[PDB]
>>> print(open('data_20.txt').read())   # compact mmCIF, C-alpha atoms
# COMPACT_ATOMS: atom_id res chain seq x y z
CA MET A 5 17.08 4.96 22.13
CA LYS A 6 19.88 2.39 21.54
CA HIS A 7 17.92 -0.82 20.62
CA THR A 8 17.85 -4.06 18.56
CA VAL A 9 15.17 -5.93 16.51
CA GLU A 10 14.57 -9.73 16.65
CA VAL A 11 12.17 -11.74 14.48
CA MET A 12 8.84 -12.50 16.32
CA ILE A 13 6.62 -13.54 13.37
CA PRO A 14 8.56 -14.61 10.25
CA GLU A 15 7.63 -13.75 6.70
CA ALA A 16 6.66 -17.37 6.01
CA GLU A 17 4.21 -17.59 9.04
CA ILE A 18 2.66 -14.20 8.03
CA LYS A 19 2.11 -15.46 4.46
CA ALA A 20 0.55 -18.83 5.62
CA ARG A 21 -1.79 -16.85 7.97
CA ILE A 22 -2.79 -14.35 5.23
CA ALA A 23 -3.70 -17.26 2.85
CA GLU A 24 -6.07 -18.63 5.63
CA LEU A 25 -7.59 -15.12 6.27
CA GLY A 26 -8.11 -14.87 2.49
CA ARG A 27 -10.01 -18.23 2.31
CA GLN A 28 -12.21 -17.17 5.29
CA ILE A 29 -12.89 -13.74 3.76
CA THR A 30 -13.60 -15.43 0.35
CA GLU A 31 -16.06 -17.88 2.02
CA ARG A 32 -18.02 -15.16 3.93
CA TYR A 33 -18.47 -12.87 0.88
CA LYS A 34 -18.43 -15.04 -2.32
CA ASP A 35 -22.29 -15.50 -2.41
CA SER A 36 -23.11 -11.80 -1.55
CA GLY A 37 -23.59 -10.66 -5.21
CA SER A 38 -23.15 -6.94 -4.19
CA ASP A 39 -19.95 -4.93 -4.96
CA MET A 40 -17.16 -5.27 -2.37
CA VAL A 41 -14.42 -2.81 -1.21
CA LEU A 42 -11.37 -3.36 0.97
CA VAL A 43 -10.49 -0.11 2.76
CA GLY A 44 -7.03 0.26 4.25
CA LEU A 45 -6.08 2.82 6.89
CA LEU A 46 -2.78 4.49 5.82
CA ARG A 47 0.02 4.34 6.35
CA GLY A 48 0.04 1.17 8.55
CA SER A 49 -2.12 -1.08 6.32
CA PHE A 50 -0.39 -0.69 2.90
CA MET A 51 1.73 -3.94 3.09
CA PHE A 52 -1.05 -6.05 4.78
CA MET A 53 -3.53 -4.81 2.17
CA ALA A 54 -1.25 -5.72 -0.79
CA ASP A 55 -0.77 -9.35 0.48
CA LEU A 56 -4.39 -9.77 1.71
CA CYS A 57 -6.22 -8.48 -1.43
CA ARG A 58 -4.18 -10.97 -3.57
CA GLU A 59 -5.69 -13.84 -1.44
CA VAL A 60 -9.35 -12.65 -1.66
CA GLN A 61 -10.96 -14.54 -4.61
CA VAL A 62 -14.00 -12.22 -4.75
CA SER A 63 -14.08 -9.35 -7.31
CA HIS A 64 -13.48 -6.15 -5.24
CA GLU A 65 -12.16 -2.54 -5.21
CA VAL A 66 -9.21 -1.43 -3.01
CA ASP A 67 -9.40 2.10 -1.42
CA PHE A 68 -7.62 3.91 1.44
CA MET A 69 -8.37 6.46 4.18
CA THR A 70 -6.01 8.42 6.40
CA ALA A 71 -7.44 9.21 9.85
CA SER A 72 -5.57 11.35 12.46
CA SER A 73 -3.44 9.50 15.15
CA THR A 81 -9.16 12.02 23.79
CA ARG A 82 -8.60 14.30 20.62
CA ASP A 83 -11.25 13.92 17.81
CA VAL A 84 -10.69 11.35 15.00
CA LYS A 85 -10.42 13.44 11.77
CA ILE A 86 -10.36 12.41 8.07
CA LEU A 87 -7.00 13.61 6.58
CA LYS A 88 -7.90 11.75 3.36
CA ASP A 89 -11.34 10.22 2.62
CA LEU A 90 -12.17 7.32 0.30
CA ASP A 91 -12.12 8.00 -3.48
CA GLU A 92 -15.19 5.73 -4.01
CA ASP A 93 -18.81 5.44 -2.73
CA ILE A 94 -19.59 2.48 -0.38
CA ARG A 95 -23.48 2.81 -0.30
CA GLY A 96 -24.97 -0.71 -0.73
CA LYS A 97 -21.51 -2.38 -0.84
CA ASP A 98 -19.79 -5.03 1.31
CA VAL A 99 -16.96 -3.13 3.07
CA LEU A 100 -13.95 -4.67 4.87
CA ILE A 101 -11.71 -2.31 6.82
CA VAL A 102 -8.05 -3.56 6.77
CA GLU A 103 -5.62 -2.47 9.53
CA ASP A 104 -2.14 -3.63 10.59
CA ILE A 105 -2.93 -3.68 14.39
CA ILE A 106 -5.91 -2.99 16.78
CA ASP A 107 -4.72 -2.07 20.31
CA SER A 108 -6.80 0.71 22.01
CA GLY A 109 -9.57 0.31 19.34
CA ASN A 110 -10.19 4.17 19.49
CA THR A 111 -9.40 4.94 15.76
CA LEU A 112 -11.06 1.82 14.23
CA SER A 113 -14.15 2.48 16.40
CA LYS A 114 -14.54 6.10 15.12
CA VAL A 115 -13.70 5.08 11.53
CA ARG A 116 -16.38 2.32 11.53
CA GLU A 117 -19.04 4.85 12.83
CA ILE A 118 -18.15 7.36 10.01
CA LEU A 119 -18.42 4.72 7.26
CA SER A 120 -21.62 3.25 8.85
CA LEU A 121 -23.32 6.66 8.06
CA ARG A 122 -22.88 5.85 4.31
CA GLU A 123 -25.18 2.76 4.54
CA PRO A 124 -22.88 0.05 3.22
CA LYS A 125 -24.55 -3.42 2.82
CA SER A 126 -22.11 -4.77 5.48
CA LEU A 127 -19.12 -3.41 7.47
CA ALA A 128 -16.40 -5.68 8.98
CA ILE A 129 -12.75 -5.34 10.16
CA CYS A 130 -9.66 -7.47 9.34
CA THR A 131 -6.51 -6.79 11.42
CA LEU A 132 -3.15 -8.62 11.06
CA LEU A 133 -2.36 -8.11 14.80
CA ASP A 134 -4.66 -7.88 17.86
CA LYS A 135 -3.56 -6.70 21.34
CA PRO A 136 -6.83 -7.51 23.24
CA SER A 137 -5.19 -6.40 26.56
CA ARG A 138 -4.92 -2.76 25.19
CA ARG A 139 -8.69 -2.42 24.34
CA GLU A 140 -10.22 0.91 25.61
CA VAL A 141 -13.38 0.87 23.41
CA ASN A 142 -15.18 -2.28 22.31
CA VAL A 143 -15.34 -2.74 18.50
CA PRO A 144 -16.23 -5.97 16.63
CA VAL A 145 -13.24 -7.48 14.66
CA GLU A 146 -14.40 -10.34 12.37
CA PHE A 147 -10.88 -11.47 11.08
CA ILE A 148 -7.64 -11.49 13.07
CA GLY A 149 -4.18 -12.74 11.94
CA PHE A 150 -2.43 -13.09 15.30
CA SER A 151 -3.35 -12.33 19.00
CA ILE A 152 -0.33 -11.08 20.86
CA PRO A 153 0.54 -9.70 24.26
CA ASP A 154 1.44 -5.96 24.50
CA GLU A 155 4.94 -6.50 22.91
CA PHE A 156 6.96 -3.61 21.31
CA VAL A 157 6.34 -4.71 17.65
CA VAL A 158 7.65 -3.26 14.28
CA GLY A 159 7.54 -4.31 10.64
CA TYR A 160 4.97 -5.16 7.96
CA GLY A 161 3.82 -1.49 7.96
CA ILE A 162 4.43 -0.79 11.69
CA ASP A 163 7.09 1.89 12.24
CA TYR A 164 9.28 2.88 15.20
CA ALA A 165 10.74 6.44 14.76
CA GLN A 166 10.18 6.34 10.91
CA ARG A 167 12.12 2.98 10.81
CA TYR A 168 11.20 -0.67 9.91
CA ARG A 169 7.91 -0.15 7.97
CA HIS A 170 9.53 -2.13 5.11
CA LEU A 171 10.51 -5.28 7.19
CA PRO A 172 8.82 -8.39 5.70
CA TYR A 173 8.37 -9.94 9.23
CA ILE A 174 7.01 -8.71 12.59
CA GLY A 175 9.93 -7.87 14.86
CA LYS A 176 10.26 -7.21 18.63
CA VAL A 177 12.22 -4.06 19.62
CA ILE A 178 14.60 -4.63 22.63
CA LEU A 179 15.43 -1.27 24.37
CA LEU A 180 19.22 -1.16 25.30
CA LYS B 6 -17.81 -6.45 -22.34
CA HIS B 7 -14.18 -7.81 -22.30
CA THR B 8 -11.81 -10.54 -21.02
CA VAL B 9 -8.47 -10.23 -19.19
CA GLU B 10 -5.46 -12.16 -20.55
CA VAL B 11 -2.28 -12.65 -18.43
CA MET B 12 0.41 -10.33 -19.96
CA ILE B 13 3.17 -10.47 -17.23
CA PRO B 14 2.87 -13.47 -14.85
CA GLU B 15 3.24 -13.15 -11.06
CA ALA B 16 6.59 -15.06 -11.10
CA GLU B 17 8.17 -12.64 -13.71
CA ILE B 18 6.99 -9.56 -11.66
CA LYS B 19 8.53 -11.11 -8.49
CA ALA B 20 11.91 -11.90 -10.19
CA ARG B 21 12.00 -8.36 -11.73
CA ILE B 22 11.17 -6.67 -8.37
CA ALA B 23 14.05 -8.60 -6.71
CA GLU B 24 16.51 -7.25 -9.37
CA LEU B 25 15.10 -3.67 -9.03
CA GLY B 26 15.62 -4.01 -5.28
CA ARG B 27 19.27 -5.13 -5.71
CA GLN B 28 19.86 -2.13 -8.07
CA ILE B 29 18.21 0.40 -5.67
CA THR B 30 20.20 -1.11 -2.75
CA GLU B 31 23.55 -0.77 -4.68
CA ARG B 32 22.68 2.86 -5.68
CA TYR B 33 21.80 4.11 -2.16
CA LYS B 34 23.64 1.91 0.40
CA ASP B 35 26.68 4.35 0.74
CA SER B 36 24.61 7.58 1.11
CA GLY B 37 24.25 7.55 4.95
CA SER B 38 21.41 10.16 4.57
CA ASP B 39 17.78 9.28 5.51
CA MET B 40 15.87 7.68 2.60
CA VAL B 41 12.12 7.67 1.79
CA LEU B 42 10.18 5.76 -0.91
CA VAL B 43 7.18 7.82 -1.93
CA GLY B 44 4.35 5.98 -3.65
CA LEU B 45 1.72 7.69 -5.80
CA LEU B 46 -1.79 6.43 -4.77
CA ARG B 47 -3.80 4.53 -5.53
CA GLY B 48 -2.09 2.50 -8.26
CA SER B 49 1.34 2.11 -6.58
CA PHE B 50 0.29 0.48 -3.19
CA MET B 51 1.03 -3.12 -4.34
CA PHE B 52 4.29 -2.34 -6.17
CA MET B 53 5.45 -0.35 -3.12
CA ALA B 54 4.65 -3.27 -0.67
CA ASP B 55 6.73 -5.70 -2.83
CA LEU B 56 9.54 -3.25 -3.76
CA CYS B 57 10.20 -1.79 -0.26
CA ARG B 58 10.71 -5.38 1.04
CA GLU B 59 13.57 -5.90 -1.56
CA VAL B 60 15.34 -2.56 -0.66
CA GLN B 61 18.09 -3.52 1.90
CA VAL B 62 18.60 0.12 3.07
CA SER B 63 16.79 1.70 6.11
CA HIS B 64 14.06 3.93 4.72
CA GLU B 65 10.65 5.49 5.47
CA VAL B 66 7.61 4.74 3.27
CA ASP B 67 5.24 7.64 2.47
CA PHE B 68 2.46 8.21 -0.04
CA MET B 69 1.05 11.11 -2.01
CA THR B 70 -2.15 11.35 -4.13
CA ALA B 71 -1.87 13.65 -7.19
CA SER B 72 -4.76 14.37 -9.69
CA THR B 81 -5.59 20.13 -20.06
CA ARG B 82 -5.66 20.11 -16.12
CA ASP B 83 -3.23 21.27 -13.35
CA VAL B 84 -1.54 18.54 -11.24
CA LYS B 85 -3.00 19.15 -7.71
CA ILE B 86 -1.97 17.54 -4.35
CA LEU B 87 -5.11 15.70 -3.08
CA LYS B 88 -2.99 14.20 -0.24
CA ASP B 89 0.57 15.41 0.50
CA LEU B 90 3.37 13.47 2.23
CA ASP B 91 3.27 12.99 6.06
CA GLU B 92 7.12 13.29 6.30
CA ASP B 93 9.67 16.10 5.47
CA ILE B 94 12.07 15.20 2.58
CA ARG B 95 14.54 18.17 2.82
CA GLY B 96 18.08 16.63 2.84
CA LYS B 97 16.86 13.02 2.23
CA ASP B 98 17.29 10.58 -0.69
CA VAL B 99 13.82 10.30 -2.25
CA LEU B 100 12.62 7.57 -4.59
CA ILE B 101 9.23 8.16 -6.23
CA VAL B 102 7.47 4.76 -6.70
CA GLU B 103 4.95 4.55 -9.55
CA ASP B 104 2.94 1.68 -11.18
CA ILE B 105 3.12 3.08 -14.78
CA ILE B 106 4.70 5.96 -16.83
CA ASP B 107 3.00 6.66 -20.23
CA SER B 108 2.82 10.39 -21.17
CA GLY B 109 5.20 11.39 -18.30
CA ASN B 110 2.97 14.47 -17.52
CA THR B 111 1.93 13.59 -13.90
CA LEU B 112 5.34 12.23 -12.83
CA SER B 113 7.09 15.28 -14.41
CA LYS B 114 4.89 17.72 -12.36
CA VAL B 115 5.17 15.61 -9.14
CA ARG B 116 8.99 15.57 -9.43
CA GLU B 117 8.99 19.44 -9.84
CA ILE B 118 6.76 19.83 -6.73
CA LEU B 119 9.03 17.62 -4.57
CA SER B 120 12.24 19.25 -6.04
CA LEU B 121 11.12 22.57 -4.35
CA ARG B 122 11.65 20.83 -0.96
CA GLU B 123 15.41 20.36 -1.64
CA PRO B 124 15.76 16.61 -1.15
CA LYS B 125 19.42 15.44 -1.19
CA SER B 126 18.47 13.40 -4.30
CA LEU B 127 15.29 12.66 -6.32
CA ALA B 128 14.67 9.61 -8.61
CA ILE B 129 11.74 7.60 -10.07
CA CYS B 130 11.16 3.84 -10.08
CA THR B 131 8.27 2.66 -12.27
CA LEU B 132 7.11 -0.98 -12.63
CA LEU B 133 5.75 -0.38 -16.16
CA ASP B 134 6.91 2.07 -18.91
CA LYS B 135 5.06 2.69 -22.26
CA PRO B 136 7.75 4.69 -24.16
CA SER B 137 5.38 4.84 -27.24
CA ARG B 138 3.14 7.24 -25.12
CA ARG B 139 5.79 9.77 -23.91
CA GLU B 140 4.73 13.44 -24.46
CA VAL B 141 7.34 15.01 -22.08
CA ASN B 142 10.96 13.89 -21.40
CA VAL B 143 11.05 13.01 -17.67
CA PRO B 144 14.16 11.13 -16.41
CA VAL B 145 13.32 7.64 -15.00
CA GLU B 146 16.25 5.91 -13.17
CA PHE B 147 14.65 2.41 -12.65
CA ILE B 148 12.17 0.57 -14.83
CA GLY B 149 10.71 -2.92 -14.33
CA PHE B 150 9.31 -3.48 -17.86
CA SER B 151 9.06 -1.38 -21.05
CA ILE B 152 5.81 -2.57 -22.64
CA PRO B 153 3.71 -1.90 -25.69
CA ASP B 154 0.67 0.43 -25.42
CA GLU B 155 -1.62 -2.45 -24.16
CA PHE B 156 -4.71 -1.83 -21.96
CA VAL B 157 -3.02 -2.99 -18.70
CA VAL B 158 -4.76 -4.09 -15.46
CA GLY B 159 -3.80 -5.77 -12.18
CA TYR B 160 -1.06 -5.27 -9.57
CA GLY B 161 -2.71 -2.00 -8.36
CA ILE B 162 -4.10 -0.85 -11.78
CA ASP B 163 -7.90 -0.81 -12.31
CA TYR B 164 -10.36 -1.01 -15.22
CA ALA B 165 -13.40 0.93 -13.90
CA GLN B 166 -12.44 0.13 -10.24
CA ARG B 167 -12.05 -3.65 -11.09
CA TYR B 168 -8.86 -5.93 -11.06
CA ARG B 169 -6.56 -3.92 -8.70
CA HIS B 170 -6.02 -7.08 -6.54
CA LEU B 171 -4.86 -9.34 -9.46
CA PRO B 172 -1.32 -10.65 -8.62
CA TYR B 173 -0.21 -10.45 -12.30
CA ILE B 174 -0.34 -7.72 -14.99
CA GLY B 175 -3.28 -8.51 -17.29
CA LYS B 176 -4.43 -6.87 -20.52
CA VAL B 177 -8.09 -6.12 -21.34
CA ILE B 178 -9.45 -7.40 -24.73
CA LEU B 179 -12.63 -5.54 -25.90
>>> encode(input="data_20.txt", output="C-alpha cells")
Amino acid sequence: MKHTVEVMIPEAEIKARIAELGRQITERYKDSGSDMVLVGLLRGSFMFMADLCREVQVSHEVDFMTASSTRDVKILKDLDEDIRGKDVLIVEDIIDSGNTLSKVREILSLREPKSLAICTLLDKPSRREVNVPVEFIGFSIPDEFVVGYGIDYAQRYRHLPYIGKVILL
Amino acid sequence: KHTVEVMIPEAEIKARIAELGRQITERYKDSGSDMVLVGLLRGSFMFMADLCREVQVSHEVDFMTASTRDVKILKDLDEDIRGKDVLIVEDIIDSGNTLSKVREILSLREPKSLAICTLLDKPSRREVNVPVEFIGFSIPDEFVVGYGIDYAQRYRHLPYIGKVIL
C-alpha cells in the first residue's frame, strides 16, 4: 500500500519511560538473591531488550526465544539457559491479543522458575482475547497502526528509534 | 574470583557506532536493492539495536544463531537474502573461524552483496583471513565483557565494554 509514517512516541519519551521501567524492575527484584533472566521474544523485542537491560541494576542473564506467529504456539528457538529456581522477566515489544505471551508463559511455568513476570513496551488492552498478567507496561495505546522500535510493517521500519503511526494512502 | 574494569566507556561506544552508521549509510544508500542486517546471537543483540538505529537506509533486521567442531545453524534467518545487500553484525572477531564459515553459508544464497561489521576486533587472535569491511575498535587480547558479551552468563547488560581481572 502507498502510505506514510509520522512520529507517535519520540525516541526521547521512549528513553525516559524505559529508565522508569528499569527503576521499577530494579526495585521489585533487587532483594530477591536468586539468579535473574530477561527473556526476549524475537524478533520484536531485540531493541526494547537492549535499552531495558541497560536500565536494570540487578545482576542478570539475557536470553531469547522465537515462538511461531487458533494454530498452536510452537517453539522455533528455545532458551539457551535453564530458568529453574530463577526470577524470569519476559520482555516483548507489544501485547495486543495476548495469545502468544499467554502460551509462552505457560511453557516457561512448567520449568518451575522462582517467579515469572512480563514487561511490554506497548499495550493495546482493547485487543485482548486471552487474559494474561502484565506487571510492567511502557505505554497504553488505542489500536493504532504502529511501527518502529522492533515493530515491522512489510519487513520495513524495525530499525526506527521512535514509535510511528502508519497512514494508509 | 575477579573484578571488571571499564575498558571502553559507554560514550566512546556511542560516538563510534554513530561513525560506523554514517560509513554504512554512505556505502549502501545508492544500491536501491533490499538490505538486511543479520546479527549473530546471542552476543550481537545490543550492538545490533544501537547500530541499526544509526543506519539511514531502509533495511530488515534478522538474526541467526551459529555454534575442532563444525559450524552448525542452531537458528537460521526468517527472511530470504537472495538478491539483497547483507551486512553480518557481530560483537567480536578473534580467530575469524565462525564468521568465515557463516559468510560461506550465506554466500550460497546468492545475496547481491555480503559484508561484516564487528564492534570489536582482536587481530592478535586471527587464525583464518576473513575480510571485515567495518570495525568499531581493534583491541588487545583482553578478557572482554559487557555490551552483549558474557563471562559465565554474567555482564551482558553492561552499557560499556569491561575487562575481567582474575
>>> closest_atom_pairs(input="data_20.txt", of="chain A", to="chain B", cutoff="6 Å", atoms="only C-alpha atoms", output="tab-separated table")
residue	atom	partner	partner_atom	distance
A:51	CA	B:54	CA	4.8
A:54	CA	B:51	CA	5.0
A:57	CA	B:170	CA	5.3
A:58	CA	B:170	CA	5.2
A:65	CA	B:166	CA	5.7
A:166	CA	B:65	CA	5.5
A:170	CA	B:58	CA	5.3
A:172	CA	B:58	CA	5.9
>>> atom_distance(input="data_20.txt", atom1="CA of residue 140 (chain B)", atom2="CA of residue 106 (chain B)")
10.7 Å
>>> closest_residue(input="data_20.txt", among="A:25, A:134, A:101, A:43", to="residue 60 (chain A)", atoms="only C-alpha atoms")
A:25
>>> atom_distance(input="data_20.txt", atom1="CA of residue 136 (chain B)", atom2="CA of residue 107 (chain B)")
6.5 Å
>>> atom_distance(input="data_20.txt", atom1="CA of residue 20 (chain B)", atom2="CA of residue 162 (chain A)")
25.7 Å
>>> closest_residue(input="data_20.txt", among="A:108, A:174, A:20, A:42", to="residue 129 (chain A)", atoms="only C-alpha atoms")
A:42
>>> residues_around(input="data_20.txt", residues="residue 144 (chain A)", least_positions_apart="2", cutoff="12 Å", atoms="only C-alpha atoms", output="ChimeraX atom specification")
/A:101,106,109,112-113,116-117,127-131,134,136,139,141-142,146-148
>>> write_last_selection(input="data_20.txt", atoms="C-alpha atoms", output="CSV table (one decimal), in the frame of the given file")
chain,number,residue,atom,x,y,z
A,101,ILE,CA,-11.7,-2.3,6.8
A,106,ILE,CA,-5.9,-3.0,16.8
A,109,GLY,CA,-9.6,0.3,19.3
A,112,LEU,CA,-11.1,1.8,14.2
A,113,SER,CA,-14.2,2.5,16.4
A,116,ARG,CA,-16.4,2.3,11.5
A,117,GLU,CA,-19.0,4.8,12.8
A,127,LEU,CA,-19.1,-3.4,7.5
A,128,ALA,CA,-16.4,-5.7,9.0
A,129,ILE,CA,-12.8,-5.3,10.2
A,130,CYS,CA,-9.7,-7.5,9.3
A,131,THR,CA,-6.5,-6.8,11.4
A,134,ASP,CA,-4.7,-7.9,17.9
A,136,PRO,CA,-6.8,-7.5,23.2
A,139,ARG,CA,-8.7,-2.4,24.3
A,141,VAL,CA,-13.4,0.9,23.4
A,142,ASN,CA,-15.2,-2.3,22.3
A,146,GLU,CA,-14.4,-10.3,12.4
A,147,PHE,CA,-10.9,-11.5,11.1
A,148,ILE,CA,-7.6,-11.5,13.1
>>> residues_around(input="data_20.txt", residues="residue 152 (chain A)", least_positions_apart="5", cutoff="12 Å", atoms="all atoms listed in the file", output="short mmCIF file (atom, residue, chain, number, x, y, z; two decimals) with C-alpha atoms, in the coordinates of the input")
data_model
loop_
_atom_site.label_atom_id
_atom_site.label_comp_id
_atom_site.auth_asym_id
_atom_site.auth_seq_id
_atom_site.Cartn_x
_atom_site.Cartn_y
_atom_site.Cartn_z
CA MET A 12 8.84 -12.50 16.32
CA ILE A 13 6.62 -13.54 13.37
CA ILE A 105 -2.93 -3.68 14.39
CA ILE A 106 -5.91 -2.99 16.78
CA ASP A 107 -4.72 -2.07 20.31
CA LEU A 132 -3.15 -8.62 11.06
CA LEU A 133 -2.36 -8.11 14.80
CA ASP A 134 -4.66 -7.88 17.86
CA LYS A 135 -3.56 -6.70 21.34
CA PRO A 136 -6.83 -7.51 23.24
CA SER A 137 -5.19 -6.40 26.56
CA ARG A 138 -4.92 -2.76 25.19
CA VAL A 157 6.34 -4.71 17.65
CA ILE A 174 7.01 -8.71 12.59
CA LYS A 176 10.26 -7.21 18.63
#
>>> closest_residue(input="data_20.txt", among="B:157, B:133, B:9, B:90", to="residue 87 (chain A)", atoms="all atoms listed in the file")
B:90
>>> closest_residue(input="data_20.txt", among="A:63, A:72, A:28, A:126", to="residue 114 (chain A)", atoms="only C-alpha atoms")
A:72
>>> residues_around(input="data_20.txt", residues="residue 68 (chain A)", least_positions_apart="5", cutoff="6 Å", atoms="only C-alpha atoms", output="PDB file with C-alpha atoms, in the frame of the given file")
ATOM      1  CA  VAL A  43     -10.490  -0.110   2.760  1.00  0.00           C
ATOM      2  CA  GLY A  44      -7.030   0.260   4.250  1.00  0.00           C
ATOM      3  CA  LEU A  45      -6.080   2.820   6.890  1.00  0.00           C
ATOM      4  CA  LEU A  90     -12.170   7.320   0.300  1.00  0.00           C
TER       5      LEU A  90
END
